[PDB]
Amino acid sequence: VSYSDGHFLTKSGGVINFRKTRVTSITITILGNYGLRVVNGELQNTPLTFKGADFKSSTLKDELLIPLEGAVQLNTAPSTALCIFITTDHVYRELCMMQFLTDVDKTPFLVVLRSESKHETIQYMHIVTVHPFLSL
């Protein structure tokens, strides 16, 4: 086993940290600096938060693209996440799938796939929890 740490920058200047754990030809990647905790029987959490400005388009479509910048590519299979989308008028709490992909042009992306498009602008997306990311 070996480990590598890395990060990406979002368009608004946010930093996404990650840690890759390699066991043979499979890698498992976790995102840092967020998650659930139980503190004296009360659930608390720190989400990973994206702004509408971090998306290619801020409309709450059923496919969303977050272009990233950083030193290295990250290419994964999709993983399930619990996300909260804040619009001006609504709060949408939903399971989604997300996947790290690299564009043919070499740009890293995080892609989020949802069930239902809305004609509303994303103010925030909060990732509450996500299954680890697998790469073969």
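The numbering used is simple: start at 1 and walk along the sequence shown.
Q.
Regarding 18-26 and 118-126, which shows the higher C-alpha temperature factor on average in the entry?
A. On average, C-alpha B-factors are higher across 18-26.
Taking the recorded C-alpha temperature factors, which stretch has the higher mean, 31-39 or 86-94? According to the entry, 31-39 carries the higher average C-alpha B-factor.
Member of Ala81, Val104, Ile66, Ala53 with the greatest C-alpha B factor (per the PDB record): Answer for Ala81, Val104, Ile66, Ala53: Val104, with the highest C-alpha B-factor.
Legend entry - Third of the chain, ranked by Cα B-factor, where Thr59 sits: Tercile = middle for this residue's CA B-factor.
Item to complete: Consider only the C-alpha atoms of the modelled residues in this chain, order them by B-factor as the entry records it, and name the third containing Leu48: lowest, middle or highest.
Response: CA B-factor rank for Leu48: middle third.
Third of the chain's Cα B-factor distribution that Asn75 belongs to, per the entry: Its C-alpha B-factor belongs to the middle third of this chain's values.
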